[PDB]
Structure formats: C-alpha cells, structure tokens
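Single chain ahead, written as structure tokens, the form deposited in one PDB entry.
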C-alpha cells in the first residue's frame, strides 16, 4: 500500500518521512553494541568457585529483580543447587546485594569476572557475565562491500567484550567503555568531518547519540527514550531487514 505500510510490512516503523532522502547520503553506519548487535539479555559465561558459594550467591540474588541477579539465579538452577532462605536482604542500587545465610554475611557485588561473591568480607567466587550476540555477519559484510560503507561499533561495554565481538563480525573500527557523552562527541566529529551517519541503537546509553545521527534506528525491544527520538523503529528487531534497505 502506502510507503509507510510497505515498510511496516517490512518490519519497520517510519516515524520520520524525509528519512528516505536522507539514506542515500549515508556513508557511515554506527552500531551501538548492547541490544543491537546482541540480544539485551545477560548470561553467566563463567562461574569460578564452588557449589556452596554458587548457592549462597543465587539465594541472595533471588530477592532482586535486576537482570544480572536473574542471570545468576538462572545459571545456578541449571547447575542444580536450590534457593536458600536469606535474612536481612539489602539491594544497594550501585554495587549489588547483600544478605545473611546461616550466620554468614553474603554480598554479591560488582568489581571490575566483573561480579564477585563475598562471604564475611572475603571474596570467594565470581561470575563473568556477558551478552548473547545476534546470529549474522555476512549481512554486515554486504554493507562493507555494499556502497563503500564504513562501519563503526560503539558501546559503554568493556574493551574485552567489544574487541571480541568486533573480531567476530570482522569490524576493524570500534570503541569501548563509552558514555553517552563520549558517543555524542564521536558522532559530532564524524558529522563535522562531513560524514553522513546512520546509527542503530537500543536502550538508555544510546538515545542522545541516536538523536544526533543523520538517520537513527531504534530496536523493537528498545527503550522509550530511544524510540521517541528515532527516525525508524525496527519492530522486527531484524537488522538484516534494515541492511537490505541500506542496499537502497
């Protein structure tokens, strides 16, 4: 039907209307990592420590709703340990959680294996938690060879998580440990350098960068601040779908 309907049926909401004109001009495609190149769901990739520590950690995390707490709880159930009764539980907002089991103070909190487990102030185990990447690569390579598109990846994630993923999809140019303010500035430079930037984002740390892109795409599973500022919503959460469109 109408162009809007065609796109919607392609899995794309076009909030803008001028965006088509804008797309022919784009020469730089920037991906925010989290929830764009990956699902937005943290998993335990590794636990270091024993099963008693695992049980303690999950028992305490069972009382939090944070995605990380959930991922630990889920990992432990899969190992087959059961949830223990916790007393004097406390979330902290910044660090993590705390609680008392069998006369032992248990804390599960961040660190830098970012997540540590402390039994009576002594770090006893840790979790390495990370994301699940979306299936694909060729799609992106079709971009590289499509037009002469430069592809950049950005995230507030650590240089280890980002380097690994960029190695994976074969992107040379990426930047890690970035705050929104950093991202705004990188895009700023690019636009000042005369580049036309299309950016795909998803979630809190992407909104301000997206608002500043020449054309902006938010993911379907993306947060509201991101979507109310995006030119396009990939309600399909299917990047490939968006790719094709870039193949004008």
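What we label the rigid core is the largest C-alpha set whose atoms superpose within 1.5 Å from one form to the other. Residue numbers count along the first chain shown, from 1.
There is also a form deposited in another entry; it is not shown, and the following applies to it.
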> Once the two forms are fit on the core, has residue 86 moved its CA by at least 2 Å between this form and the one not shown?
Replying inline: yes
> So with the core overlaid, does the Cα of residue 149 end up 2 Å or more away between this form and the one not shown?
Replying inline: no
>> Taking 2 Å as the cut-off, check whether the CA of residue 158 shifts that much or more between this form and the one not shown after a rigid core fit.
In response: yes
>> With a change of at least 3 Å, which way does the C-alpha separation between residue 31 and residue 138 go in the other form: closer or farther?
In response: closer
